[PDB]
Amino acid sequence: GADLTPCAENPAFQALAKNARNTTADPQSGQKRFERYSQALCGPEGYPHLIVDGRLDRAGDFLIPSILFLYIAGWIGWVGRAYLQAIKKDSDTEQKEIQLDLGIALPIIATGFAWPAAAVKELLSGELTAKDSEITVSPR
Amino acid sequence: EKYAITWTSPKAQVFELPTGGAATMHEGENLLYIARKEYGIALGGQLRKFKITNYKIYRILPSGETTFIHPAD
Amino acid sequence: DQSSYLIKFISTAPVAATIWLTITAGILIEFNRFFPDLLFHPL
Amino acid sequence: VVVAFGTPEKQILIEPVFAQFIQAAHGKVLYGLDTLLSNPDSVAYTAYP
Amino acid sequence: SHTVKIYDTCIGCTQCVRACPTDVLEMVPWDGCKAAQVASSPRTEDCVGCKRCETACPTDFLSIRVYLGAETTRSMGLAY
Amino acid sequence: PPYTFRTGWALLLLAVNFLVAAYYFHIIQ
Amino acid sequence: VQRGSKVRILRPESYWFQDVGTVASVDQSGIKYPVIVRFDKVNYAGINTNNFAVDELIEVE
């Protein structure tokens, strides 16, 4: 519910299939999305309602893009983390922040694809975090 | 009137009044009646670019009492 | 060396972030001309 | 943007399936979850002892 | 008026005396620091709460502090 | 140390999170 | 300590509390805070040096 009968059976989804608007200048981009959206669940309105539950017949809504995003997003953090680990042991480190040391940034970018193999390695070695006696804090 | 400021100038030249506008000091001892002590130090620093460090801010009470308050010595 | 100043200028903050976000945005645009309307993964 | 471009089916619409359940775990037949005071065979529906 | 507290951590930089525009502050000799003088505020009835004196002090944290108190005519900055 | 009192109550609350989902997945009825 | 020794700060009101400094010079008699520590990161005022007592520091080298 509410009335999540599948889109292939709907009078409303088939009525929205007759006045299709072409997305791209492909002359049948209007048709080649409605047959693709037929396996989803359109309510009374005629629009596919995504299911973020974790059901495996509905894994394409949220389950598949979640693994796809968190690989790419934990990448960008890990690349930006491991670069800042490198430049701290240099001559200046503030020039290499605005003005990128391209000779050092490019090995870090290629390294990244074992970041789950590296973050768990950094976690269990106790080198992910820092000590609370070594971070500046505000007076209580 | 309150807080007279006096200074001795080597010559005459155009300065900037703290009350807004430009006047012309005399040669010798000058005298300017201002409203507050904040004007006299903001004027006293404008004298420093004229190489004058002989300025004295008084305090003229309405009874007629004139108290020398800058410097202390 | 005049050529080293062009590598050192192409790797400042707004110049690298203009090129990298142009390559990033161009990948999303040319992926969406050919494979449009991807609301969810079709399984 | 998706509605403005005349193709409103590309909306990202999520059913609130975790509050769909509570209203059906309080006895609403309208969604057909069939649990917990909407399931007439339930232990909570009958108060078994 | 306001209240100007000067702690014992300053170095005799004379940046706070050269910044208070009503000339509240002055240097007195004091055998503690390297420059052998501490700032003192003997004329706090003239202080206008400007906090130029807190802006110019080097030491962390500030050796000089202005506590904003009861506001008379001299501390409101009224020409009238 | 292995935090027994912290993880003892977190696993109790997470067992409540998994029990309600068993009603929602029709595992328990 | 000596000119070049990394120390730490325990003064709570200071900006560089529990941070690593570098002693630039230690004085002899007066002030009570005779240790100049040249820090590497700046506070809100923009400076990166301060004076500290002898017992205020924690040597880490």
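As written, the chains take the letters A, B, C, D, E, F and G, and residue 1 is the first residue of each chain.
Convention: contacts are C-beta pairs under 8 Å (C-beta built on N, C-alpha and C of every residue); 3 or more make two chains touch, one makes a residue touch a chain.
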item	value
Chain labels contacting chain C and also chain F	D
Steps needed, at minimum, to go from chain E to chain F via contacts	4
Between chain A and chain B, centroid-to-centroid distance (C-alpha), Å	70
CA centroid of chain B to CA centroid of chain F, Å	81
Rounded Å distance between chain A and chain F, as computed from the means of their C-alpha atoms	28
Separation of chain B from chain G, taking each centre as the mean of its C-alpha atoms, in whole Å	44
Residues of chain A touching at least two other chains	23, 33, 37, 48, 50
Per-residue multi-chain contacts in chain F, two or more chains	none
Which chain pairs touch, all of them	A-C, A-D, A-G, B-E, C-D, D-F, E-G
Sites on chain D touched by chain C in the complex	7, 10, 12
Of chain D, residues touching chain F in the complex	21, 25, 33, 35-36, 39, 41-42
Chain G residues within the chain E interface of the complex	13-16, 27, 30-33, 43, 45, 47, 50-51
Complex contacts: residues of chain C adjacent to chain A	7-8, 11-13, 16, 32-33, 36-37, 39-43
Residue ranges of chain C touching chain D (in the complex, touch as defined)	37, 39
